[PDB]
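Working notes for the structure below.
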Ligand SMILES: [Ca+2]
Ligand SMILES: [Ca+2]
């Protein structure tokens, strides 16, 4: 919702 | 169990339902049975997404922020702690950690050379699009480095120490925005 895309990039990346 | 240990870390990174860190681990684990995440691989993560720019140097900087955290390699545990600081804290204590990322050398004081590195790396993260929209007398890591170093008030023979570093931000509450790696 706000600046949350950063943490989502590092985790969603090492994920998929 | 992992989360259990991390939970022990407590507030330092309590995060959401600490149990979520467990499911994560199993996922990150199976997604990479490497166990020990090296800086090179991590740099692969930032080199595979961040389409806006190329925070390459930045990705390697963060790795050194919690890797050299007295251990050797970035284990999933350390990974969650990173994902936590990346964007989560807002009322708890975390500045202490900021004194590290803003310092790759090691730790003692923040010298113009230390920030210069993080500043240069950040610059890369700033694509031309935005960079081109920069005012005057401020379009280079060397020119901005003087804005942060000057924001504290430390001449040459003045190494910003871990304490003042927190006080320099306690008074002029107008730094949080700039200091933010973002
Ligand atoms: Ca480590
Ligand atoms: Ca230092």
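All Cβ positions, even for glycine, are placed from backbone atoms using ideal geometry, and neighbour counts span all protein chains on display. The numbers here are math on the coordinates, done by the rules we state, and not lab data.
Here are the numbers for this structure:
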| read-out | value |
| --- | --- |
| Relative contact order %, segment B:5-90, counting alpha carbon pairs below 8 Å whose residues are six or more apart | 32 |
| Packing-based ranking, highest mean first, of A:7-13, B:93-99, B:68-74 given that Cβ atoms within 10 Å are counted | A:7-13, B:93-99, B:68-74 |
| Shielding by partners, peptide B:25-35 (average Cβ within 10 angstrom, other chains) | 1 |
| Shape category assigned to segment B:42-113 from the gyration tensor of Cα positions, a/c cut at 1.5 | rounded |
| For chain B, calculated [θ]222 nm from helices alone, where every DSSP H run of n ≥ 4 adds -39500 (n - 2.57) | -16500 deg cm²/dmol |
| D (Stokes-Einstein, µm²/s), Kirkwood Cα radius, the protein assembly as shown, 1.567 mPa s at 4 °C | 72 |
| Cα gyration tensor shape for segment B:44-182, rounded if a/c is under 1.5, else prolate or oblate | oblate |
| Inter-chain Cβ neighbour average for residues B:39-47, partner chain, 10 Å | 2 |
| P(r), alpha carbons of segment B:5-90 - 5 Å bins starting at zero, rounded % | 3, 13, 24, 25, 22, 11, 2, 0 |
| Tensor-based shape of segment B:102-151 (alpha-carbon gyration tensor, a/c under 1.5 rounded, otherwise prolate or oblate) | oblate |
| Over chain B, relative contact order from alpha-carbon pairs under 8 Å, at least 6 apart, % | 20 |
| Peptide ranges B:165-178, B:12-25 listed from the most packed, as the mean C-beta count within 10 angstrom indicates | B:12-25, B:165-178 |
